[PDB]
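The structure appears right after this line, and notes come after that.
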Amino acid sequence: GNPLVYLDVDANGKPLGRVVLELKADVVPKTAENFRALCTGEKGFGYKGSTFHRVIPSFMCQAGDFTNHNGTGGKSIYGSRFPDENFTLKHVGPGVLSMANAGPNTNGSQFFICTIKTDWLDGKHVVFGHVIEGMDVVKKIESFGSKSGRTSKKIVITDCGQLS
Ligand SMILES: Nc1ccc(CNC(=O)NCC(=O)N2CCC[C@@H]2c2ccccc2Br)cc1
Numbered sequence: 044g045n046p047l048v049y050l051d052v053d054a055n056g057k058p059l060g061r062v063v064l065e066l067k068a069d070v071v072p073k074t075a076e077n078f079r080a081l082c083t084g085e086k087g088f089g090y091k092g093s094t095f096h097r098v099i100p101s102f103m104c105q106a107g108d109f110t111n112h113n114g115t116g117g118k119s120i121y122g123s124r125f126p127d128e129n130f131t132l133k134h135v136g137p138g139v140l141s142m143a144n145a146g147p148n149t150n151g152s153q154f155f156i157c158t159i160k161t162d163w164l165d166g167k168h169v170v171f172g173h174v175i176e177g178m179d180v181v182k183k184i185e186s187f188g189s190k191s192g193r194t195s196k197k198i199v200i201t202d203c204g205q206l207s
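Converting from the sequence shown to the entry's author numbering requires adding 43 to each position, the first position being numbered 1.
Given below as structure tokens:
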């Protein structure tokens, strides 16, 4: 079936707990596979140790720049960037997992988890999964954001991997 992966997240060195994500490989296999492998780190790089760099309350929590650690970087398992696979899944509400980008066909490793329905991103960002468990952790992360996106705590993915 679809992969289940996890992110264990600290804020200021304090564990918040675990976010478990279903990756919709049935719908977006290439995008799911990228995220899965970045969680396990099996290609020699990935999300472990990277941060949530942009968090906007009543919007989303964005993470995944493990190359520049500032929101400008990241890379996929395929190369630096890869195409928008499809826009079949929509930004339907809180918990949606979707790819950050710098315009069409610029998926790398950066991703976001929605905290509301972000319908204006439909057809622009590739949705590829959702939160199975740990929305409480996502709400904590959200509470450490700000309007500008600047975080008020250092939010770090300390560990990550594949559950199934
Ligand atoms: N591969 C790669 C991906 C993203 C980037 C930086 N781009 C980026 O942060 N763009 C904004 C973006 O992807 N998102 C996700 C929803 C949160 C933020 C957004 C999107 C649309 C409108 C406002 C905002 Br903030 C650089 C390289």
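Each residue gets a CB set at the ideal place from its N, CA and C atoms; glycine is no exception.
- Relative to ligand 1, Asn144 has its C-beta within less than 7 Å of a heavy atom.
- A Cβ-Cβ contact shorter than 8 Å links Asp51 with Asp202.
- CA-to-CA, the gap between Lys133 and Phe155 works out to about 13 Å.
- Residue environment: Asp162 is assigned as exposed (fewer than 16 neighbouring CB atoms within 10 Å of its CB, all protein chains considered).
- The C-beta separation of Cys104 from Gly188 comes to about 7 Å, placing the pair in contact by the 8 Å criterion.
- Taking the Cβ of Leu164 as the reference point, at least one heavy atom of ligand 1 falls within a distance shorter than 7 Å.
- Taking C-alpha positions only, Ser123 is separated from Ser186 by approximately 31 Å.
- In this structure, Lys197 is the residue among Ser207, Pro137, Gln205 and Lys197 with its C-alpha nearest to the C-alpha of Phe95.
- Annotation for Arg79 indicates a beta carbon at 7 Å or more from all heavy atoms of ligand 1.
- Here the alpha carbons of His168 and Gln205 stand approximately 23 Å from one another.
- In the DSSP assignment, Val180 is bridged to no other residue.
- Contact annotation, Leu140 with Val98: C-beta distance approximately 15 Å; criterion of less than 8 Å not satisfied.
- Exclusion of the five residues before and after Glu128 leaves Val71, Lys73, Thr74 and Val169 as the residues of its chain whose Cβ lies within less than 7 Å of its Cβ.
- For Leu64, the uninterrupted beta strand (DSSP E) run begins and ends at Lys57 to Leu66, by DSSP.
- Judged by their CB atoms, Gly136 and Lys160 are nearer to each other than the 8 Å cut-off.
- According to the DSSP assignment, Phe88 belongs to no beta strand (DSSP E), since it is labelled neither H nor E.
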